[PDB]
Amino acid sequence: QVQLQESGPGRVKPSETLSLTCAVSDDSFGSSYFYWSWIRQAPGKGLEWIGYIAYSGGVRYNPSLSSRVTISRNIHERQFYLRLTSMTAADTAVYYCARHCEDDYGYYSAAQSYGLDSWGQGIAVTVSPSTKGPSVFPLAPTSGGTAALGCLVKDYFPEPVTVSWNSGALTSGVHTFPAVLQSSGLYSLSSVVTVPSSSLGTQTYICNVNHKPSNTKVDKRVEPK
Amino acid sequence: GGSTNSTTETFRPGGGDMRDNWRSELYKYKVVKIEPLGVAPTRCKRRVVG
Amino acid sequence: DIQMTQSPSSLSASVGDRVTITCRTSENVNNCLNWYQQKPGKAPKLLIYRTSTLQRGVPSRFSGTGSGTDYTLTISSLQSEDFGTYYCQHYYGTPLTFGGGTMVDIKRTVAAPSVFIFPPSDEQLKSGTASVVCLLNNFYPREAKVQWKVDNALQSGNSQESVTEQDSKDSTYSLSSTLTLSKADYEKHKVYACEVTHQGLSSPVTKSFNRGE
Amino acid sequence: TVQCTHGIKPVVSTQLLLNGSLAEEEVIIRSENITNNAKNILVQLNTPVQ
Amino acid sequence: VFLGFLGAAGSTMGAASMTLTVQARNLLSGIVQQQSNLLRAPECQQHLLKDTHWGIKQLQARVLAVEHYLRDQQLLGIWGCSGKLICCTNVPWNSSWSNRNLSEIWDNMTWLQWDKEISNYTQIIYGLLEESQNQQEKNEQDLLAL
Ligand SMILES: *[C@@H]1O[C@H](CO)[C@@H](O[C@@H]2O[C@H](CO)[C@@H](O[C@@H]3O[C@H](CO[C@H]4O[C@H](CO[C@H]5O[C@H](CO)[C@@H](O)[C@H](O)[C@@H]5O)[C@@H](O)[C@H](O[C@H]5O[C@H](CO)[C@@H](O)[C@H](O)[C@@H]5O)[C@@H]4O)[C@@H](O)[C@H](O[C@H]4O[C@H](CO)[C@@H](O)[C@H](O)[C@@H]4O)[C@@H]3O)[C@H](O)[C@H]2NC(C)=O)[C@H](O)[C@H]1NC(C)=O
Ligand SMILES: *[C@@H]1O[C@H](CO)[C@@H](O[C@@H]2O[C@H](CO)[C@@H](O[C@@H]3O[C@H](CO[C@H]4O[C@H](CO)[C@@H](O)[C@H](O)[C@@H]4O)[C@@H](O)[C@H](O[C@H]4O[C@H](CO)[C@@H](O)[C@H](O)[C@@H]4O)[C@@H]3O)[C@H](O)[C@H]2NC(C)=O)[C@H](O)[C@H]1NC(C)=O
Ligand SMILES: *[C@@H]1O[C@H](CO)[C@@H](O[C@@H]2O[C@H](CO)[C@@H](O[C@@H]3O[C@H](CO[C@H]4O[C@H](CO)[C@@H](O)[C@H](O)[C@@H]4O)[C@@H](O)[C@H](O[C@H]4O[C@H](CO)[C@@H](O)[C@H](O)[C@@H]4O)[C@@H]3O)[C@H](O)[C@H]2NC(C)=O)[C@H](O)[C@H]1NC(C)=O
Ligand SMILES: *[C@@H]1O[C@H](CO)[C@@H](O[C@@H]2O[C@H](CO)[C@@H](O)[C@H](O)[C@H]2NC(C)=O)[C@H](O)[C@H]1NC(C)=O
Ligand SMILES: *[C@@H]1O[C@H](CO)[C@@H](O)[C@H](O)[C@H]1NC(C)=O
Ligand SMILES: *[C@@H]1O[C@H](CO)[C@@H](O)[C@H](O)[C@H]1NC(C)=O
């Protein structure tokens, strides 16, 4: 129940198949009138119910992804699995396994939970053929009030990237934005900082973008062009 | 069932629980308990006691 | 199929206020609806798994009502651990749907965004792709809107946007809108304008630049 | 009213019901009240297939 | 206002004799809730009675209660007092049992200390009670052999 352990590959290539495992601890599995569902959530957007497998057998999935989703249930192995074929970059999301009990009878020792009271820890599945190097491009400010300048890390994969200003010196005023997955399957984010108009051309500003997977530390300077 | 304006509506042979098999033959039967105690007014009194 | 809608999209309330959230369904669900709370990053914790039935481990300050196609979550006295995003979900048959969500942060004084514009660097112009950056900084509440105008023509479908969470020192947000076009679409146009509509502004603000100047 | 029900055979089945009792006249179709992708359709035939 | 179950246990015998229905009810409304098995019908079928002999043991306790009821109703039956809560008999009161006058008994004593004072001769009184009827049986016997 409270221990829904998820496992599987957080790294899937396009046009391949994503298989995931959800193990249950408290043996509420064998109890009848229980529905075990797979649900994904795209970042920023809402959550989408993928499919559910019943106490008798998996009845239905979601109509959009109906032919490419198959939920299996290994009774004795104490687990139930999800399979998703033809993985695309749009399926890159956070996956959960959740439980809920509906009783037509309302006839038990205790009261059950119609809603999803049991949840996994969540697996972040990403889809892209290979890992790229982060392309860093500066962004130049020429105004009376306090200006601003930042860096743009584009076409990098996968996450994360460490973006520091002045090798850790500049702190206050910095805002680092969450990444934005483009349609090409590569990531893109921006990191900015507000500096006074008097310090333009006076203080040097360098953003350090250390990409851990590619082991690529790129340092770029930002100056009024 | 799918609100597609009557376009979708597909029926697949589920592998439903065995209780549904019992419901298939118990649909006509029902269990009740008899409460045989009824009180009603007929304007008669046991004046005499004992 | 059934679709769901939440009102308001973004909400900013204070501690101790009676707050209400409206969840509208397209079809009659017959009292079948669930409310969930999600602090960003964690699995959605269950709140109310029927119309009015509260789950355990949940304080008594929550309640849900409604019938038919309209349902309302209510909090008599708000608290500190009540921030985040709230969702509604119907379990009336297959498939299952979820609401859009209600971003609920803590109230603050309305601040106007410090809008800046950034042109694509020359190296990126060599890369065969051009991304123009539009920045909003220190604005509240979360709900705002950004619009792009290439040669005075509104652009949609190619306008990415990201948003940082409510900061710590000032409790304000930041939004980075990234407009991505090919290298060919950057030369034929010489006018680029970014328009922002916010509450703390007495008028919509626009910042623009030109190519080759 | 009866003291005991009729003879019900406990036929273990999953997809199709076997060796049950047949509804007279027309076949019978059983769902719950809501009827919208959530229940399990029960079918009772008037003529048995072999 | 009614003192409640066994409320007049410390009252005079006359006062308790006024609320004997109250003591009579706890014979039935303890056993109505258990025979109900309405709150027992759904909780894990029949409260899992397989590999749980406490369930049977519990059941045996319920049996003892209805068995005691049947003992008292049998005694009221063989004394010809089934339908009534207060019945008078033909057995005269032998003074050796208790010498106390009526006023001292009904307005100065409780049913507890009375039952304790007469527990010695209860069997004898029951014997006269089983015997005295037998003279009614015999009068009906005269009406039977004509
Ligand atoms: C537990 O054991 C105790 C034993 O100690 C027992 O107490 C006995 O209770 C019974 C009744 O339950 C009593 O029996 C009857 O009492 C009748 C008298 O009741 C009235 O008079 C009381 C005396 O008042 C005197 O003083 C006032 C001045 O204060 C004066 O004006 C009066 O005229 C009188 O002289 C009185 O205490 C009593 O209580 C109420 O009133 C007083 C104020 O008067 C108030 O202070 C009290 O708080 C209370 O509100 C009430 O007013 C007695 O008359 C009766 O005898 C015959 O007369 C009546 C007609 O009045 C007939 O109807 C009746 O059938 C009789 O033929 C009878 O004796 C008994 O006296 C108690 N014994 C005591 C106290 O020692 C408890 O009940 C037991 N409880 C249980 C559950 O078992
Ligand atoms: C059980 O029910 C399922 C669905 O409920 C049925 O599966 C559907 O089968 C239909 C064919 O009858 C599929 O429709 C066709 O899909 C083709 C393949 O699409 C995939 O591949 C292309 C190219 O790689 C991708 O772009 C696409 O996104 C998919 O990944 C398409 O090529 C077809 O399009 C062409 O034909 C239609 C007419 O059929 C034209 O109108 C189009 O303009 C185009 O010319 C077509 O879309 C459908 O995709 C299947 N469902 C799912 C969910 O994929 C089963 O057939 C049914 N069981 C049985 C036994 O039939
Ligand atoms: C599952 O398996 C069972 C048995 O294996 C099958 O049962 C079959 O049922 C059919 C229908 O009843 C049988 O068909 C027969 O037709 C005969 C035709 O007559 C000729 O053949 C018989 C030998 O069978 C000769 O004796 C006869 O002289 C002719 O040469 C009928 O004669 C059969 O009995 C009938 O006799 C007369 C004819 O008017 C009448 O009293 C009745 O109509 C009587 O029925 C019979 O009708 C077939 O023989 C059965 N199989 C076997 C192996 O016996 C099931 O059909 C099968 N189910 C499925 C779904 O596959
Ligand atoms: C069996 O048939 C009855 C009658 O048609 C169904 O009950 C009806 O349900 C509809 C829709 O909810 C109502 O409009 C009718 O008023 C109901 N009538 C009665 C007599 O109940 C019942 O749902 C069916 N049961 C099945 C199909 O299992
Ligand atoms: C019957 O309708 C009620 C609406 O009052 C609904 O709550 C209930 O779920 C329906 N029954 C079933 C078995 O779905
Ligand atoms: C009661 O019985 C005893 C002997 O059991 C006897 O001595 C006594 O006289 C009897 N009392 C009567 C008859 O009143």
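Q: Teacher, can you tell me more about the pattern of salt bridges here?
A: Two side chains bearing opposite charge may form a pair once their charged atoms approach each other closely. Under the counting rule described, the total for this entry stands at 19 salt bridges over all chains. Residue C:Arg61 is joined to C:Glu81 by a salt bridge in which the shortest nitrogen-to-oxygen separation is 3.1 Å. Of this pair, C:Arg61 sits in the loop between β5 (45-48) and β6 (62-67) while C:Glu81 sits in the loop between β7 (70-75) and β8 (84-90), and the two are 20 residues apart along the sequence. Of the charged contacts in the structure, one is a salt bridge between C:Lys188 and C:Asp185, with a shortest N-O distance of 3.7 Å. Using a relative accessible area of 53% as the deciding quantity, one classes C:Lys188 as exposed. One network of salt bridges, with partners in common, ties together A:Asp104, B:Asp20, B:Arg23, D:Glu32 and D:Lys39.

Q: Mind showing me how you'd approach the side chain of A:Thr21 here?
A: With respect to the helices and strands, A:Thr21 occurs in strand β3 (residues 18-24). Discounting chain neighbours no more than four positions away, the residues touching A:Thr21 are A:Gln5, A:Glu6, A:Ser7, A:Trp38, A:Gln79, A:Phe80 and A:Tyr81.

Q: How do you make sense of the interface of chain D and chain C when you look at a structure like this?
A: How big an interface is tends to be stated in terms of accessible area lost as the parts join. On the side of chain C, 5 residues touch chain D, which itself brings 4 residues to the contact. Summing both sides of the interface, chain D and chain C together bury roughly 400 Å²; the carbon and sulfur share of this comes to 51%. The tally of links between chain D and chain C comes to 0 salt bridges.

Q: Please explain the interface of chain A and chain C as it appears in this structure.
A: Taken together, the contact between chain A and chain C spans 46 residues of the former and 45 residues of the latter. Roughly 3,600 Å² of surface becomes buried between chain A and chain C when both sides are summed, with 63% attributable to carbon and sulfur atoms. At the boundary of chain A and chain C, one finds 7 residue pairs in polar contact. Those elements that provide at least two residues to the side of chain A that touches chain C are β5 (47-53), β6 (60-61), β12 (135-139), β13 (148-156), β15 (174-176) and β16 (187-194) of chain A. Within the side of chain A that touches chain C, the residues separate by chemical class into 25 nonpolar, 14 polar and 7 charged.

Q: What exactly am I supposed to notice about the packing of aromatic side chains here?
A: We describe a pair of aromatic rings using the distance from one ring centre to the other and the angle between the two ring planes. Summed over the entire model, instances satisfying the criterion amount to 24 aromatic pairs over all chains. Aromatic side chains A:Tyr33 and A:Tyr108 sit 6.0 Å apart centroid to centroid with 80° between the ring planes, which places their arrangement in the edge-to-face category. On the criterion of sequence distance, the pair formed by A:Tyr33 in the loop between β3 and β4 (34-41) and A:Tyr108 in the loop between β9 (93-101) and β10 (118-119) is long-range, its members being 75 residues apart. Its relative accessible area of 5% is what places A:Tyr33 among the buried residues. Aromatic pair E:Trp79 and E:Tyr126: ring centres 5.0 Å apart, planes at 45°, arrangement tilted. Of the two residues, E:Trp79 sits in the loop between α5 (53-78) and α6 (102-106) while E:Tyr126 sits in helix α8 (residues 122-144), which places them 47 residues apart along the sequence. Classification of E:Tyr126 as partly exposed rests on a relative accessible area of 37%.

Q: Help me out: how do you make sense of the sheet that holds β7(C) in this one?
A: By definition, the strands of a sheet pair up through backbone hydrogen bonds, in either a parallel or an antiparallel sense. All names here are of chain C. Here we have 4 strands laid out as an open sheet, ordered β1-β3-β7-β6, and antiparallel in their pairing. At either margin of the open sheet sits one strand with a lone partner, and together these are β1 (4-7) and β6. Geometrically, the sheet is characterised by an average inter-axis angle of 20° between neighbouring strands, direction not taken into account. When β6 meets β7, the two strands line up antiparallel, connected through 6 bridges. Directly across from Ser67, in β7, lies its bridge partner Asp70.

Q: Would you explain unusual backbone geometry in this entry?
A: Trans peptide bonds make up the majority, and among non-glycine residues the majority have a negative phi. In this structure, C:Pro95 follows C:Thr94 across a cis peptide bond, with omega equal to 0°. Examined against the element boundaries, C:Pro95 turns out to sit in the loop between β8 and β9 (97-98). With an omega dihedral of 5°, the bond running from C:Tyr140 to C:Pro141 counts as a cis peptide bond. Considering the arrangement of structural elements, one finds C:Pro141 in the loop between β12 (129-139) and β13 (145-150). In this model, D:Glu25 sits at a positive phi of 60°, which is unusual for a non-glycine residue. Within the fold, D:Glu25 resides in the segment before β1 (28-30). Given the relative accessible area of 76%, D:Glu25 is considered exposed.

Q: What am I meant to see in the arrangement of the chains here?
A: No other pair of the 7 pairs of chains in contact has as many contacts as chains A and C. For the non-touching pair chain B and chain E, the nearest C-alpha separation works out to 8 Å.

Q: Just to check I follow, could you spell out the state of the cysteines for this structure?
A: Simply put, the disulfide is a covalent bond whose two ends are the sulfur atoms of two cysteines. Residue and element names in this part refer to chain C. Following the criterion strictly, the structure yields 5 disulfides over all chains and no others. Residue pairing for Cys134: its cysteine sulfur links by disulfide to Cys194, the two sulfurs lying 2.0 Å apart. Its S-S torsion of about -95° marks the bond between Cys134 and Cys194 as left-handed, since a negative value means left-handed. Separated by 60 residues along the polypeptide, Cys134 in strand β12 and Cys194 in strand β17 (residues 191-197) bring together distant segments of the chain.

Cut-offs and rules
- Residues numbered from 1 in each chain as written, not as in the entry; some residues may be left out.
- Chains lettered and ligands numbered in written order.
- Part of a larger assembly, values for the part shown.
- Heavy atoms only, no water.
- Salt bridge = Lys/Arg side-chain N within 4 Å of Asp/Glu carboxyl O.
- Helix = DSSP H or I, 4+ residues; strand = E, 2+ residues; numbered from the N terminus.
- Buried < 20%, exposed > 50% of the residue type's maximum accessible area, 1.4 Å probe, protein only.
- Contact = heavy atoms within 4.5 Å.
- Buried area = accessible area lost by both parts, 1.4 Å probe.
- Polar contact = N/O pair within 3.5 Å; in protein donor to acceptor, adjacent residues only side chain to side chain.
- Nonpolar A, V, L, I, M, F, W, Y, C, P; charged D, E, K, R; others polar.
- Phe/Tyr/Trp six-rings, centres within 6.5 Å; stacked < 30°, edge-to-face > 60°.
- Pairing = 2+ DSSP bridges.
- Axes fitted to C-alpha atoms, helices over the stretch in contact; angles between N-to-C directions.
- Disulfide = S-S within 2.5 Å.

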